[PDB]
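Now for the letters of each chain:
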Amino acid sequence: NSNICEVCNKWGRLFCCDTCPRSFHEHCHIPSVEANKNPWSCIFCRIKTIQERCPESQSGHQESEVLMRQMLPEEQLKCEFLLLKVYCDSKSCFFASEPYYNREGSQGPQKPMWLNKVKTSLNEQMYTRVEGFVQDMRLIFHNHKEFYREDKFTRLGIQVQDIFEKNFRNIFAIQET
Ligand SMILES: NCc1nc(-c2ccccc2)no1
Ligand SMILES: [Zn+2]
Ligand SMILES: [Zn+2]
């Protein structure tokens, strides 16, 4: 297995997948690595299994249909995976914890949002449809863009949002256009 965390690329107390060579810190994996006995498969493998069992799930979908899906176990899993893919990017650090807003000539957003809050909302099964999860994720980057305006720091929001949207389109097999 790998000797660094798949998500944050650091060594430490790592948990190894049994069906692939990836390794994870306990709380870098989403969901947090399960304490159940042998064996254990990481979310990459579990997502791969889903895709393989239903090859046609890779055909193109409309975003509108995807967003209205109820958060049944497989949809819950896909959102956990999509969230993890965002954490995999180092620039996710800027969006992980609770933000604060005190900048000359800017007012903070009406509804602050950050990745650890979305992670907790997923863990506590607070989203009933995919739409709720996607809206909170997109809110993170929209808040950032509105607040920093013309400061070049706005680009971080654009970069991490691009990561989110590419993985959304891939994981949920959105029709190519
Ligand atoms: N291109 C690599 C690849 N994508 C998939 C996939 C299967 C079902 C739904 C979404 C994606 N499987 O392999
Ligand atoms: Zn890690
Ligand atoms: Zn694995």
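Residues numbered from 1 in each chain as written, not as in the entry; some residues may be left out. Chains lettered and ligands numbered in written order. Heavy atoms only, no water. Residues with missing side-chain atoms left out of burial classes, pairs and counts.

Glancing now at the coordination of the zinc ion (ligand 2). Bound to the zinc ion (ligand 2) on the protein side are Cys5 (SG), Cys8 (SG), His25 (ND1) and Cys28 (SG), at distances that span 2.2 to 2.3 Å. Every donor counted, the four donor atoms about the zinc ion (ligand 2) form angles of 94 to 120° at the centre, which fits tetrahedral coordination. Mapped onto the sequence, the donors of the zinc ion (ligand 2) take the spacing C-x2-C-x16-H-x2-C. Residue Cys8 is located in the segment before β1 (14-16), and its partner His25 is located in strand β2 (residues 23-25); the two are separated by 17 residues in the primary sequence. Among the residues examined, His25 registers a relative accessible area of 17% and is labelled buried. (Donors = N, O, S within 2.8 Å, 3.2 Å for Na, K, Ca; no water. Tetrahedral: all angles 85-135°; square planar, octahedral: opposite > 155°, others 65-115°. Helix = DSSP H or I, 4+ residues; strand = E, 2+ residues; numbered from the N terminus. Buried < 20%, exposed > 50% of the residue type's maximum accessible area, 1.4 Å probe, protein only.)

In this section: the nonpolar core. Counting residues in hydrophobic clusters, the biggest one holds 48 residues, and the most contacted among them are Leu83, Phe133, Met137 and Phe172. For this core, the secondary-structure elements that each account for two or more residues are α1 (43-53), α2 (63-67), α3 (73-87), α4 (93-96), α5 (115-123), α6 (130-148) and α7 (154-171). With eight residues, α3 is the largest single contributor of residues to this core. Counting only domains with at least three residues in this core, you end up with domain 1 (1-59) and domain 2 (60-177). (Core = buried A, V, L, I, M, F, W, Y, C linked by side-chain atoms within 4.5 Å. Domains from an automatic or database assignment.)

This part covers the packing of α3 against α7. Remark: α3 packs on α7, axes separated minimally by 9 Å, with the N-to-C direction vectors making an angle of 150°. Where α3 crosses over α7, the two elements pack in a sense that is right-handed. Touching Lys78, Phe81, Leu82, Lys85 and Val86 of α3 are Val160, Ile163, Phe164, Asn167, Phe168 and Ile171, all from α7. When grouped by side-chain class, the residues that make up the contact of α3 with α7 number eight nonpolar, one polar and two charged. (Axes fitted to C-alpha atoms, helices over the stretch in contact; angles between N-to-C directions. Left-handed = near helix turned anticlockwise from the far one by under 90°. Contact = heavy atoms within 4.5 Å. Nonpolar A, V, L, I, M, F, W, Y, C, P; charged D, E, K, R; others polar.)

To continue, consider the domain arrangement of the protein chain. Per the domain assignment, the segments making up the protein chain are domain 1 (1-59) and domain 2 (60-177). Each of domain 1 and domain 2 has a C-alpha centre, and these two points are 21 Å apart. Contact residues are listed per partner, giving 15 residues for domain 1 and 14 residues for domain 2. Taken together, the two surfaces of domain 1 and domain 2 that pack against each other cover about 1,400 Å², and 75% of this comes from carbon and sulfur. Broken down residue by residue, the surface that domain 1 buries against domain 2 is led by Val7, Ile30 and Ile47, which jointly contribute 38%. In this assembly, domain 1 and domain 2 are joined by two residue pairs in polar contact. (Buried area = accessible area lost by both parts, 1.4 Å probe. Polar contact = N/O pair within 3.5 Å; in protein donor to acceptor, adjacent residues only side chain to side chain.)

This brings us to the environment of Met113. Along the chain, the position of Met113 falls in the loop between α4 and α5. With 17 residues separating them along the chain, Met113 and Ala96 place their C-alpha atoms 9.2 Å apart. If we ignore the near neighbours within four places in the chain, the residues touching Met113 are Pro99, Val118, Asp136, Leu139, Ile140 and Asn143.

Those residues of α1 not exposed but buried are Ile43, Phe44, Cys45, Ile47 and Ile50. Of the surrounding secondary structure, the elements contacted by the buried residues of α1 are β2 and α3.

What follows is about the site of ligand 1. Around ligand 1, the neighbouring residues are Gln51, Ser57, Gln58, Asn170 and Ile171. Within the side chain of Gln51, an N or O atom sits 3.0 Å from a nitrogen atom of ligand 1. Considered on its own, ligand 1 offers 340 Å² of accessible surface; in the complex 63% of this is hidden by protein. Taken together, the residues of the shell around ligand 1 break down into one nonpolar, four polar and no charged. (Near = heavy atom within 4 Å. Areas by Shrake-Rupley, 256 points an atom, 1.4 Å probe, with all protein chains shown as cover.)

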